[PDB]
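Student: My questions all concern the structure below.
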2 protein chains.
Amino acid sequence: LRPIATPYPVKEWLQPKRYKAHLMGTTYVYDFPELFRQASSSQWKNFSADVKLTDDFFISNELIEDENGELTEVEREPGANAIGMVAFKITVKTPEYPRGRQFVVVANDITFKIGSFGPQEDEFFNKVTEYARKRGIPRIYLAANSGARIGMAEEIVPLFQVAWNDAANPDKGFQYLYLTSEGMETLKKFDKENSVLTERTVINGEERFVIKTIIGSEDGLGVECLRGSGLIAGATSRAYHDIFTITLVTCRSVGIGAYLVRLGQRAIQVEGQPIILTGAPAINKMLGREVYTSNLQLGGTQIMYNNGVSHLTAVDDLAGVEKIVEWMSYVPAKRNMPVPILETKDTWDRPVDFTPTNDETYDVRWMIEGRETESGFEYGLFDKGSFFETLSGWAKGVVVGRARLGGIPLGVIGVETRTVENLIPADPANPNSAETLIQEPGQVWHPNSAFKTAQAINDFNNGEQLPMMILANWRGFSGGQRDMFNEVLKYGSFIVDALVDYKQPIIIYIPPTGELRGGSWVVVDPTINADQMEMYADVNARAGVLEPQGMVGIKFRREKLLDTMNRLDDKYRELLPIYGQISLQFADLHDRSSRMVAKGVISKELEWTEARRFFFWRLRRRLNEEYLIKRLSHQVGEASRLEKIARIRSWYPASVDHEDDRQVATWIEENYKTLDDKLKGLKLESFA
Amino acid sequence: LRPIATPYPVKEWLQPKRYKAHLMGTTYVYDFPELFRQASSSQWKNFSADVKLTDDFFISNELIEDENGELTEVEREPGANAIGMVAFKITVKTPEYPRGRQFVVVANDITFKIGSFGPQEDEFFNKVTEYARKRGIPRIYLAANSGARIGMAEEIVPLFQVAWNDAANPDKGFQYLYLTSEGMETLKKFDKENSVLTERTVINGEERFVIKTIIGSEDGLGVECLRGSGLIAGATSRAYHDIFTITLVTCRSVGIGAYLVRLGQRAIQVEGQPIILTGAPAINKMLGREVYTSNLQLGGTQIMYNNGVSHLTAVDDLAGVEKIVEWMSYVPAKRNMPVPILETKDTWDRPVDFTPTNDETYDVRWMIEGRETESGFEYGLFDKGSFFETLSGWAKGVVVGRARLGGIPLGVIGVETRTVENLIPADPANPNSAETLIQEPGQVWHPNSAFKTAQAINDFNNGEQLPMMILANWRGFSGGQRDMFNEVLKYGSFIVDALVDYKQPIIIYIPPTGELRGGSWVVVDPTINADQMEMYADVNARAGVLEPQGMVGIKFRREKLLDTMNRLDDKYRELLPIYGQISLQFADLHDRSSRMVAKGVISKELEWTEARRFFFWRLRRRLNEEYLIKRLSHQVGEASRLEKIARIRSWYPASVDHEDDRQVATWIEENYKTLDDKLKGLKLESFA
Ligand SMILES: CC/C(=N\OC/C=C/Cl)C1=C(O)C[C@H](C2CCOCC2)CC1=O
Ligand SMILES: CC/C(=N\OC/C=C/Cl)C1=C(O)C[C@H](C2CCOCC2)CC1=O
């Protein structure tokens, strides 16, 4: 029976599966929508304390297969699921979508056959994924599983005979397994003749049916589970390019489960819940020794968070759900809808306060989100409280997250200026290899941080469909033996490929005290994707092929130095020190934003304190023009980007200055319908 | 003067740039087309010794910018190039294209400003790339360079003054650099007022013009070289997805040069010619010690071939050119043309001879290309002499190359069954880290071999546009700490993504003695890309979620064993050994190709000796049906794959068996024009 005198019903007794989930250290699958209700109520409170929510602000409807295999909504008692995979359609009013947004949640039921994936779970997971893709809606996956289902044909276990070499002495081997005439009958009786493929023989007067293959009557034993897993692996690969995908790992995720985490890309790992290919015991078998003590050694957050497989960790399920909900607050309600604007108290119209200084170490997050000080808050570039960092466990040379600029959500990449101390632990499989410490100097792309940069760019583009700002401040790629060996060329090239593919406005901005040198400029140059990319440089930024020291070593050598002493020391070599300094200054004078403007390689030089104002209206004006470019592209007879943007601009009143971001933005927003009428009349002119 | 009494003119004297190239250990750029003439003549001789070639079998025309910047053909004397980048259009009759195929070669001129990339070289390289892309033609790049051009404004060097803190003692610092009234005049005289940005001041009665920024009059100093490099980086990124791209590294390739090698992907590195980001001296500066002795330590073949950055090494320029020419013999003449069929003496109609054996180590290349023995040649699956292995320096657990099947070119991936001993050398930058040996057991995907597999799939798809066969034989992904830490989940997921993107027929075939277990099946399951993928299993292959040993450990435990002794030992525990064997055999009986067929997860089970015949006609029939599917897709009102293939099949005569590959192929080829007439009549029915 139950725990006896509680004021309200014992949930874990009414539905013992709920208690089974709790014993495995996870939330019961039918209790997840309530976690999402809690997390969404909280985001309302964080946004506007006085807002009054009805219960119909949050709706969760279970999705199941109908009689024709099609997904429909039902309301049923928890634990009625006849398969180990479950889904809900969620309709929720949020700050960014006060009239409602929708997404699907799919989840393993760790209580149903240990949350294993059989062909039915695979087909359902694939239908849910397709259901989301068709509607353009996000797909959240809650991973709590033991991977592919495995089995043998249990009905053949008590039936099979051995054909011994010597009936007297078994120990000397056997020739095959077979069924008797009675075995074949038990199978016919139970309508399971298919379970084996046999070949009739006769030895010593009576019939043997040699087992050539065991098939089994139960679905879900072997290769049919492999097929089902490939199906959902490919389904998820495609989903990532199509809709917002994210996964929360909540008890463990095994095999196909672990790949699904990676294939959906965006992953949050609850502390102590491993992401693994196989368990430690199974691996230890093979290896012949007790090499590993736990699954957490193979797939704990100290592996996957440190890897970049897990974008975030969470202390518990609810924290994980809060993170999902916060991550989606930057993301359009569905594919191709505009990005969700959310103005808060920190409005566009203010200077930027926190400012880095040449001789003084800073955390780049201060420039991004601002900084708390003894004398008050110093505001950064982006809206106060809006910075949501991800991939924070991995390749800490770069910092990536979401933020809002006067309400406009965007992806943000910045450069960590402090040296990173990367601790690689020993693998207990190498009798004694040791812990190794990697030093990663600031403002240098290593293979890991190059990969992270490309990954961020892809993750902003693909489901999030965000504009992006990169606060570019790299002194170059590392060219030393180890990093070259570890394929820095490949990871650096991933960045160019990610930019080519980018579909929303991009701003590259070299910040004050910052620099962009050589290859590190190249990889981010706006001619990579001129349709989307624009570059800016602070008046206190630097750029050129080399730093002054490197430049002097090639083009201001001792000959040229002495010639220059010869030219303005009347006496003319304890002059070297100061004369070197002079050559260094001579080089630095080429590296200024004024030269960048003169050569036409940046859109504008800017002042940091005015950047927030400038970028807000530049972005807002770009979002508006992009929108019109796309409307124009949906006509019948199509053209270049140059032709489209020129024609849209020809619709602006003659007096409007095409260069005035605010003016252009304000006039478009006053005139959307009028521009729409103009588009309608062009379609009625595109049969020819 | 010259070396004096030679029978013919001294080329290196008539054009001293030719000698300059030779001194730098490379072929002179205008002598490369002659290398391609040599290599193409040789491929004719290797193919058919008695074929008689005219000189018009090979044509090389230089491409240059005309007066309006457009590329045209000219004939001029070598060394007339006014920029350091050169290109040729090549028209060549080859065995696969006896009437001619074309491609462009672009190359740095290592003799022109040390082969550095300035804005003019970048714009030209970008025009050549676009010229090739427009025509769909391959783009070959010959890399011999020193990276981006660097400079200072030399005209300001003899003109600038220092504003000392104390005119008597320089050693105590300065305040700025400035020009006199006479400096400003020299600049006005030479029409170079733009070279500096100045601010007029007056100190002690006469005018100082403070240098605020040095611009310089010479193009090619700083950020304009960065812009030009980004342009060509993005141009090359796009080319790889569009046309066949390959690069040969011939003296050195530096900076943007090294990235261009990676971005074009397919790379052949001449021995002793480094691929680097910076030189050892420049790196040694920074580090404060003499850490590196040569560029070859940073970017020699022992780094880049071992990395997979270099797909092949070559002993000299000519060997490199032979490899390019051989690599392109598998590749369509231009984008979207059919793959080039080249039947040789080894015709489709024969059994496969070399056969692996369960207890006996083999080289998988024997199954692919066949094997020379004491008693004669044992033929493999593919045409004798047709196997062209690539990425052979890296991740040797997988083997990738091109081959031909009865004349049909295709990409091939196989599994190296022998343990690989991977030697990672120490980096001389870590005071004493040591050489480390990695053991890579056969038939296991590690991060490196997973990456290599995905890379191969991409490289077959993108410019080569090849069908592919994978001889799938993996026992699983490695799930140990080190490989999990090193992100095996990410690389394994690259494979699924590559397959989703694949545009030509794929065959997956588990060979005899081979197996596909768990995750390793999943990643290659045809439901990943059902439009293109088909799976087959040899009658002597195995597959399931786990190997028998692993399966027994979970589902045939001691309880079940003893129950089974209890069932057929009359006496009923020195029976364990044989009874374990019995359970192992019980598991193995589930893992057979007969179960695969019963569950519907493979197209067919096959016999190895008959595979070449079977796959030849299956592929040939797929190439034909694909062709028709595409013709049908180019009509006005479009539909699913199911609908298209069904309609094409409805055109076959009623008596044709849709399942007979040879019959279907033979009837389509007899009827291309008749099918074309049928397509014409459907267009004249697709206005509605
Ligand atoms: C400016 C392009 C670039 N790399 O782009 C990497 C490409 C990323 Cl797509 C690059 C160079 O070409 C040569 C530069 C140095 C000049 C003087 O000799 C030492 C080398 C260093 C440098 O960083
Ligand atoms: C069959 C899918 C798969 N991985 O696919 C990786 C996914 C690639 Cl895209 C996979 C599993 O799910 C669980 C398997 C074991 C079953 C018993 O407990 C130990 C684990 C091992 C395995 O290999």
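All of the numbers you see were taken from the coordinates with simple rules; none came from a lab. Here Cβ is always computed from backbone atoms with ideal geometry, including for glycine, and neighbour counts include all displayed protein chains.
Student: Give the long-range amide H neighbours of A:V398: residues separated by 5 or more places, or on another chain, with amide H under 5 Å away, using H modelled in the peptide plane at 1.01 Å from N.
Tutor: Here the answer is A:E416, since their amide H atoms fall under 5 Å of that of A:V398.
Student: Related question: Copy-to-copy spacing for B:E185, label 7 Å out on the Cα-to-C-beta vector, in nm, shortest first?
Tutor: When each copy's label point is compared with this one, the spacings are 12.5 nm.
Student: Counting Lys and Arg as +1 and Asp and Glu as -1, what is the net charge of the other residues whose Cβ lies under 13 Å from the Cβ of B:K452?
Tutor: Value of the local net charge: -3.
Student: Among the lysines, which fall within straight-line cross-link reach of B:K555, defined as a Cα-Cα distance under 27 Å, with same-chain neighbours fewer than 8 residues apart omitted?
Tutor: Once the sequence-local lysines are set aside, what remains near B:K555 is A:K17, A:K20, A:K113, A:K172, A:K188, A:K189, A:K192, A:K212, A:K285, B:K571, B:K599.
Student: From the label point of B:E343, set 7 Å along Cα to the beta carbon, how far off in nm is each other copy's matching point, shortest first?
Tutor: Counterpart label points of B:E343 in the remaining copies fall at 7.5 nm.
Student: Could you list B:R135, A:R592 so that the one with the fewest beta carbons within 10 Å of its beta carbon is first and the one with the most is last?
Tutor: B:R135, A:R592
Student: How large is the Kirkwood hydrodynamic radius of segment B:336-686, counting all unique pairs of alpha carbons, in Å?
Tutor: Values: mean 1/r = 0.0440 Å⁻¹.
Across segment B:336-686, the inverse of the average 1/r is 22.7 Å.
Student: Using the number of other C-beta atoms within 10 angstrom as an exposure proxy, rank B:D525, A:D56 with the fewest first. Present the calculation step by step, with values, prior to reporting the outcome.
Tutor: Numbers: B:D525 25, A:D56 9.
Arranged by neighbour count, lowest to highest, B:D525, A:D56 become A:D56, B:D525.
Student: Something else now. With r as the distance between the Cβ atoms of A:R641 and B:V636 and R0 = 35 Å, compute the FRET efficiency 1/(1 + (r/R0)^6) and round to 0.05.
Tutor: 0.85
Student: Considering just Cα atoms, how many Å³ per residue does the convex hull of segment A:618-688 enclose? Numbers along the way, then the final one.
Tutor: Numbers: hull volume 5.9 nm³, N = 71.
For segment A:618-688, the hull spanned by Cα atoms encloses 83 Å³ per residue.
Student: Looking at the P(r) of segment B:154-219, how many percent of alpha-carbon pairs lie beyond 13 Å?
Tutor: Beyond 13 Å sits 64 percent of the P(r) for segment B:154-219.
Student: Rounded if a/c is under 1.5, else prolate if a/b is larger than b/c, else oblate: which is chain B, with a ≥ b ≥ c the root eigenvalues of its Cα gyration tensor?
Tutor: prolate
Student: Taking the Cα centroid of segment B:1-65 and of segment A:85-111, what is the distance between the two, rounded to the nearest whole Å?
Tutor: Centre-to-centre distance over Cα atoms comes out at 68 Å.
Student: Separate question: Please give the average number of partner chain Cβ atoms lying within 10 Å of the Cβ of each residue in A:561-569, rounded to a whole number. Please list the in-between numbers first.
Tutor: Working: counts 0, 0, 2, 4, 1, 0, 5, 5, 2.
Partner Cβ neighbours, averaged per residue: 2.
Student: Using 7 Å Cα-to-Cβ label points, what is the B:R557/A:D66 separation (nm, one decimal)?
Tutor: 4.4 nm
Student: How much net charge surrounds A:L499 when only other residues with a Cβ under 13 Å from its Cβ are counted (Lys, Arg +1; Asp, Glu -1)?
Tutor: -3
Student: What does the charge add up to near B:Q161, with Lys and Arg as +1, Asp and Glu as -1, over the other residues with Cβ less than 11 Å from its Cβ?
Tutor: Around B:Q161, the surrounding residues sum to +1.
Student: What trypsin sites (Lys or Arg not before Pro) does segment A:1-100 have in DSSP loop regions with at most 11 other beta carbons within 10 Å?
Tutor: Counting only loop positions with at most 11 other Cβ atoms within 10 Å, the trypsin sites (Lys or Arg not before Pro) in segment A:1-100 are A:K52, A:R76, A:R99.
Student: For A:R208, what residues show an amide H to amide H distance below 5 Å, using hydrogens built from the backbone and excluding near sequence neighbours?
Tutor: Sorted by chain and number, the residues that satisfy this are A:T201, A:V202, A:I203.
Student: Please work out whether segment A:440-513 counts as rounded, prolate or oblate from its C-alpha gyration tensor, where a ≥ b ≥ c are the square roots of the eigenvalues and a/c under 1.5 means rounded, while otherwise a/b larger than b/c means prolate and anything else oblate?
Tutor: Here segment A:440-513 falls in the oblate category.
Student: Determine ³J(HN,Hα), in whole Hz, for all residues of segment B:524-532 in sequence, where each value follows from phi through the Karplus function 6.51 cos²θ - 1.76 cosθ + 1.60 and θ = phi - 60°; x replaces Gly and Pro.
Tutor: My calculation for segment B:524-532 gives 9, 6, x, 6, 4, 8, 5, 5, 10 Hz in order.
Student: Provide the per-residue ³J(HN,Hα) series for segment B:623-638, in order, calculated from phi with Karplus coefficients 6.51, -1.76, 1.60 and θ = phi - 60°, each as a whole number of Hz, with x at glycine and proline positions.
Tutor: 4, 5, 5, 4, 3, 6, 4, 4, 4, 6, 5, 8, 6, 8, x, 9
Student: Now for a separate question. For A:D660 and A:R573, what does the FRET efficiency come to when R0 = 56 Å and r is the distance between their Cβ atoms, rounded to the nearest 0.05?
Tutor: Computed FRET efficiency for A:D660 and A:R573 comes out at 0.45.
Student: Okay, moving on. Let's test this: bin the Cα-Cα distances of the protein assembly as shown at 10 Å from zero up to the farthest pair and state each bin's percent.
Tutor: Bins of 10 Å from zero give 1, 7, 14, 19, 20, 17, 11, 6, 3, 1, 0, 0, 0 percent of pairs.
Student: Now, a different point. Could you go through segment B:643-648 in sequence order and give the Karplus-derived ³J(HN,Hα) for each residue, using 6.51 cos²θ - 1.76 cosθ + 1.60 with θ = phi - 60°, rounded to whole Hz, and x for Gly and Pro?
Tutor: Calculated HN-Hα couplings, in order: 5, 6, 4, 5, 6, 4 Hz.
Student: Would you mind listing the distances between the A:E643 label point and the same position in each other copy? Use 7 Å along Cα-to-C-beta, nm, one decimal, shortest first.
Tutor: From this label point to the equivalent ones elsewhere in the assembly: 3.0 nm.
Student: Additional query: First check a/c for segment B:310-366, with a ≥ b ≥ c the square roots of the eigenvalues of its C-alpha gyration tensor; if it is under 1.5, answer rounded, and if not, answer prolate when a/b is larger than b/c or oblate otherwise.
Tutor: oblate
Student: A follow-up question, please. For the pair B:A688 and B:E669, how long in nm is the line joining their label points, each one 7 Å along Cα→Cβ?
Tutor: 3.9 nm
Student: A follow-up question, please. Can you compute the label reach from B:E193? Point 7 Å from Cα along the Cβ direction, backbone N cut-off under 20 Å, restricted to segment B:216-259.
Tutor: Within reach of a label on B:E193: B:216-219.
Student: What residues have an amide H closer than 5 Å to that of A:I510, excluding those fewer than 5 places away on the same chain, when H is modeled at 1.01 Å from N in the peptide plane?
Tutor: A:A472, A:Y536, A:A537, A:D538
Student: B:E421 to B:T293: FRET efficiency via 1/(1 + (r/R0)^6), r the Cβ-Cβ distance, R0 25 Å, to the nearest 0.05?
Tutor: Efficiency, from the Cβ-Cβ distance: 0.40.
Student: Okay, next question. Order by neighbour count: B:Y176, B:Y579, B:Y672, fewest other Cβ atoms within 10 Å first, most last.
Tutor: B:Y672, B:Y176, B:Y579
Student: Can you give me the C-alpha center-to-center distance between segment A:460-495 and segment A:615-688, rounded to a whole angstrom?
Tutor: 34 Å
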